[PDB]
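**Student:** Next input, structure requested:
(chains A and B)
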2 protein chains.
Amino acid sequence: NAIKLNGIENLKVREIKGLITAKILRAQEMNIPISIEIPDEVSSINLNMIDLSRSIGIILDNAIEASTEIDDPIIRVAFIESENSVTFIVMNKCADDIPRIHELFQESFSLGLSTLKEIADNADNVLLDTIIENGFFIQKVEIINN
Amino acid sequence: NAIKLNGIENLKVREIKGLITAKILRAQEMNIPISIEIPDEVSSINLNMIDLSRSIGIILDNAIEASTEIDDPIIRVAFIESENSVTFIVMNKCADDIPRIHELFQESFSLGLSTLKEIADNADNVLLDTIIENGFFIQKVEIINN
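**Tutor:** Numbers count the residues shown, from 1 in each chain, chains lettered A, B, ... in the order given. Dropping the coordinates below:
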């Protein structure tokens, strides 16, 4: 195993805990090191449980799937509290394997990234970003409080 | 879609709700009808969140995977409250496709059924059963209160 715990107790949205636990253990089943970083307390997220669960599941599954052909994989998972939002961020090491990320897009839009996009498009408080940066694939959902 | 809701509001263990929701929607993504039956209120289960989440995830994934080659699939999911226990039951239609169930066992023991067995073996209040009956594969975890 390799699981780094960095504020797990700060996640106080109970309904997604089992989901996150299950995905983290799946990552481990497949020998992918995983980091969970929650710097501040997160006691509510302004997105309904259905879309929040689905988005978290898809994003973590994307990161796991994208990490299986990688030599020295790692997944970082974060929930970041801002003044007016909560951001869920997952990064996986893709190194130079851009084709793997392209494959993700190909499959989803030829129900992973497409479901995710549909949730974000239908919710005015939800911003979705996808970024390749410094050898990591980054999936980011910011969920605005107002 | 096809999701039959039969006591969803009776599940009051919040920590596994997102997990169950995510798996149900995955089943739907793959065009598998799903029934959720919770006849009585379930406000606690005497198994820690880690093993409970993992077991639910594995069992639902098993049922989904075992349903993909089936002509007219269906998954039934139940939480049953007894005097001294809670039973989590998942049934999927396997019809005559016993080889598919055999494949499940082959793969797990050559981390699905094996992880599940390990959880049950290590917990004296946890009983695991696996049954092929009337064209359904039935996975059953009874979790004793005492």
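
**Student:** okay, CA-based contacts and neighbour counts for the rest of this
**Tutor:** Fine.

**Student:** Let me see the ranges of the strands in chain A.
**Tutor:** Listed in chain order, the strands of chain A (DSSP state E) span A:3-6, A:34-37, A:75-81, A:85-93, A:126-133, A:136-144.

**Student:** CA atoms only: put the fourth one into CSV for me.
**Tutor:** When you say that, I think you mean strand A:85-93. C-alpha atoms of strand A:85-93 as CSV (Å, rounded to 0.1, in the frame of the first residue of the first chain):
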residue,chain,number,x,y,z
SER,A,85,-16.6,27.7,-3.1
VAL,A,86,-15.4,24.2,-2.6
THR,A,87,-13.1,22.7,-5.3
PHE,A,88,-12.6,19.0,-5.8
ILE,A,89,-9.3,18.3,-7.5
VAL,A,90,-7.9,15.0,-8.7
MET,A,91,-4.4,14.8,-10.3
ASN,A,92,-2.9,11.7,-11.8
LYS,A,93,0.6,11.3,-13.2
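
**Student:** List the strands paired with that strand, with their directions.
**Tutor:** Strand pairing for strand A:85-93, using DSSP bridges, gives strand A:75-81 (antiparallel), strand A:136-144 (antiparallel).

**Student:** Up against chain B, what does chain A have?
**Tutor:** A:14-19, A:21-22, A:25, A:29, A:49-50, A:53-54, A:57, A:111 (CA under 8 Å from any CA of the partner chain).

**Student:** redo that, cut-off 7 Å
**Tutor:** In this structure, chain A approaches chain B at residues A:14-19, A:21-22, A:49-50, A:53-54, A:57, judged by CA under 7 Å from any CA of the partner chain.

**Student:** Residue A:120 reaches residue A:127, doesn't it?
**Tutor:** Yes: contact criterion CA atoms under 7 Å: residue A:120 and residue A:127 qualify, at 6.1 Å.

**Student:** Which one of these two is surrounded by more residues?
**Tutor:** Higher neighbour count among residue A:120 and residue A:127: residue A:120, with 20 against 16, using other CA atoms under 10 Å in any protein chain shown.

**Student:** now the residue most central in space within chain A: how far from chain B?
**Tutor:** Nearest to the geometric centre of chain A sits residue A:90, at 3.6 Å (CA atoms, centre = their mean). Here residue A:90 is placed at a distance of 18 Å from chain B (CA to the nearest CA, to the nearest Å).

**Student:** Excluding covalently adjacent residues, which one is nearest to that residue?
**Tutor:** residue A:77 (4.5 Å; CA to CA, 6 or more residues apart in numbering or on different chains).

**Student:** What is the burial count for that neighbour?
**Tutor:** Residue A:77: 23 neighbours (other CA under 10 Å).

**Student:** who's it bridged to?
**Tutor:** Going by DSSP bridges, residue A:77 forms beta bridges with residue A:36, residue A:90.

**Student:** Distance check, it against residue B:96.
**Tutor:** 42 Å (CA to CA, to the nearest Å).

**Student:** cool, residue A:72 as well?
**Tutor:** 43 Å.

**Student:** just residue A:101 next, same as before
**Tutor:** Taking CA to CA, one finds residue A:101 at 39 Å from residue B:96.

**Student:** Tell me which of the two has more neighbours.
**Tutor:** residue A:101 (16 against 12).

**Student:** Roughly how far does that one sit from residue A:88?
**Tutor:** 19 Å.

**Student:** What of residue A:120?
**Tutor:** For residue A:120, the distance to residue A:88 - CA to CA - is 13 Å.

**Student:** for residue A:50, same thing?
**Tutor:** Taken as CA to CA, the span from residue A:50 to residue A:88 is 15 Å.

**Student:** And those two? Which one has more around it.
**Tutor:** residue A:88 (22 against 13).

**Student:** how about the spatially closest residue to that one that is not a sequence neighbour, what does it touch?
**Tutor:** Nearest residue to residue A:88, sequence neighbours excluded (CA to CA, 6+ apart): residue A:79, at 4.6 Å. Counting by CA atoms under 7 Å, 6 or more residues apart in numbering or on different chains, residue A:79 touches A:37, A:38, A:86, A:87, A:88, A:89.

**Student:** In stretch A:98-116, which residues are buried?
**Tutor:** By 16 or more other CA atoms under 10 Å in any protein chain shown, the buried positions in stretch A:98-116 come out as A:100, A:101, A:104, A:112, A:113, A:115, A:116.
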